[PDB]
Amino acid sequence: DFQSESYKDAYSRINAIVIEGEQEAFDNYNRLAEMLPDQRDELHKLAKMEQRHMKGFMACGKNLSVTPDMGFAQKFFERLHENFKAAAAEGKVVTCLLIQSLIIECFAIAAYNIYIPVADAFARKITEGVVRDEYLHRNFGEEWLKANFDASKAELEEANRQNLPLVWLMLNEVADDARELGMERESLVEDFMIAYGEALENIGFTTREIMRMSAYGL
């Protein structure tokens, strides 16, 4: 499993996406603080957890011979960024939570789960740690929206329709490079849908609702 040549090329922008993603969740969790007063402290701790993951994944590029493409990654996330930027700037917290704690977290759970069995051993130990934190972050969105379910349901449905299609587009853009790191797109969709479905269920959506929402844009 020679992890040199095109592996580093593919890794050049996959590693970038993971850095910028961990960055985006840091920002997004700090602004969610600014948005939900009686809960800034908890949101700052989760925001800090993102900080640490971002540094861990710089190391994996520094363990291989890789300098990430931060520009490609910022272009990768700009649609999700703009949607989070605009929901924040309109005070739409329910949309902000769906984007960050549901969509982005499940994107991370899927991505890392699929990564761990085919990483280099150094990257595997790091990824192994971060994945457990992402499950509790998703739990923040879940409990918030679960407690505020009736109030948030209509907006969750709208925000799912506007944002979940972006996951499919991003998973196709990044599809080729993901495969050469040993990551089948088909497994990524599946793990994403499993993680996303379970959160929607805990939030209080029914199976029929989940199956309609989870396949939107696909």
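The first residue of the shown sequence is 1; numbering continues from there.
Once the C-alpha B-factors are averaged per stretch, 187-195 and 147-155 rank with 147-155 first.
Of the two segments examined, 27-35 and 156-164, it is 27-35 that shows the higher average Cα temperature factor in the deposited entry.
Sorting the modelled residues of the chain by their CA temperature factor places residue 121 in the highest third. When the CA B factors of the chain's modelled residues are split into thirds, the value for residue 88 lands in the middle one. Ranked within its chain, residue 111 lands in the lowest third, by CA B factor from the PDB record.
When all modelled residues of the chain are sorted by CA temperature factor, residue 9 is found within the highest third.
In the deposited entry, the Cα temperature factor of residue 73 sits in the top third of values across the chain's modelled residues.
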